[PDB]
Structures are given as C-alpha cells and as structure tokens.
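A.B. asks: sequence and experimental coordinates follow.
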Amino acid sequence: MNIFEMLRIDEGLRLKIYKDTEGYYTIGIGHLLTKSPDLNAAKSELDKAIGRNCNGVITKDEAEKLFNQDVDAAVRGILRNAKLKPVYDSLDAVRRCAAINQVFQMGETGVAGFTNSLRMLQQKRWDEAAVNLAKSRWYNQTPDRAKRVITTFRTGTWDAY
Ligand SMILES: CCB1C=CC=CN1
Ligand SMILES: [Cl-]
C-alpha cells in the first residue's frame, strides 16, 4: 500500500463526469471539477484541466495524470500550511498517508476545524485522536471511508485497506 493505492480505493475511477458524495461534478479519481450546479461550467473546467475539448469524457491515462497532480498538490499544500506541516512532519509514513487522504477529500481549507485532533495526533495519543476525529461532519457524512482513514491514524498500519 501507498497513497495512490489508498486513494484509488477510496475515490474509485470513473471516466465520465459524475457527481461526488456532496453532489459536485467530478471526474477520474476524485478530481473535483467545480461546485457549480452548471454541467457546462464543469465541462469547461475539464477541458481546461486536460488541454483539449473532452465533451465530458477522459481516458484512464488522463485520469491518472490528474490524480498525480492532485496528490502532489495535496502534499505540497500540507507543507505550505503552518498549522499542518508540524503535525505532518511528526507522523510516520503510513499515518502521513492518512493525512494526505483527508486533505485530498476535504481540502486544506476544510480541515480548519480539526485543531484538537491535530494536537492529539502530534502528541501521539492515537486512541484519543481517533475518538476526536469521528466527532465530525466528515465522519457522519462518509463513515465507512472516514473509519478507514481513522483506523490508519490510530494504528499506523494498512489493516483497514
Ligand atoms: C487534517 C489533515 B491532516 C494534516 C496533517 C496531519 C494530520 N492530518
Ligand atoms: Cl459530532
């Protein structure tokens, strides 16, 4: 296991525009296109992202290219966030994957509400952190995926995958 295999499990692969768990137009491996309800706006974002007129459909190679870009942007964003970087750098490699997964799903400006979880993780109080992480809209809206990510934070193993 690694971050690519982990997110591939959690996000799936679809080659035509679809709506994600929040109702937002998405393609590929969890590549969010727009929060706009206008499919034409999503199609324009897709064409801009791929560099050609896609008419709402991409290839597997194109999906994997967007995925590589999105994972890299997620990690770099963590490193450029003064609240997230110290916690991320304190973690082992498996738990770092759980952190990337969470930012990939919720956006770096969507983890803002996780101050107390972040402190418990940096303290390595793993069971307490796991309890705190589940007291969240994140967990309640996507409980089976959140349970996998939290088990990864709790144990530092890939047992949930
Ligand atoms: C909330 C995402 B996250 C970022 C760094 C460390 C742990 N989790
Ligand atoms: Cl709650």
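C.D. replies: It's in. Numbering: from 1, shown residues only. Ligands and ions are numbered 1, 2, ... in the order given.

A.B. asks: need the residues of this protein near ligand 1, please.
C.D. replies: 78, 84, 87, 88, 99, 102, 103, 111, 114, 118, 121 (CB under 6 Å from any ligand atom). The way it works is simple: take the backbone N, C-alpha and C, and place the C-beta from them, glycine included.

A.B. asks: can you give me the strands in the protein?
C.D. replies: Remark: strands assigned in the chain by DSSP state E are 14-19, 25-28, 31-32.

A.B. asks: contacts for the last one next, please.
C.D. replies: Put plainly, it is strand 31-32. 20, 24, 25, 26, 49, 63, 66, 67, 70 (CB atoms under 8 Å, 6 or more residues apart in numbering).

A.B. asks: what about 6 Å?
C.D. replies: 24, 26, 66, 70 (CB atoms under 6 Å, 6 or more residues apart in numbering).

A.B. asks: out of the residues of the chain next to ligand 1, which end up buried?
C.D. replies: Buried residues within those, counting neighbours by 16 or more other CB atoms under 10 Å: 78, 84, 87, 88, 99, 102, 103, 111, 114, 118, 121.

A.B. asks: closest one of those to residue 136?
C.D. replies: Distance to residue 136, by CB to CB, is smallest for residue 114 among those, at 7.7 Å.

A.B. asks: residues in contact with the closest one?
C.D. replies: Per CB under 6 Å, 6+ apart, neighbours of residue 114: none.

A.B. asks: also compute the angle for the helix ranked longest in the chain relative to strand 14-19, please.
C.D. replies: Longest helix in the chain by number of residues (criterion: DSSP state H): helix 60-79. Angle, helix 60-79 to strand 14-19, by axes from the mean of the first three to the mean of the last three CA atoms, to 10 degrees: 60 degrees.

A.B. asks: what's helix 60-79 in contact with?
C.D. replies: Helix 60-79 is contacted by residues 28, 29, 31, 50, 84, 85, 88, 100, 103, 104, 108 when judged by CB under 6 Å, 6+ apart.

A.B. asks: nice, that's everything, thank you.
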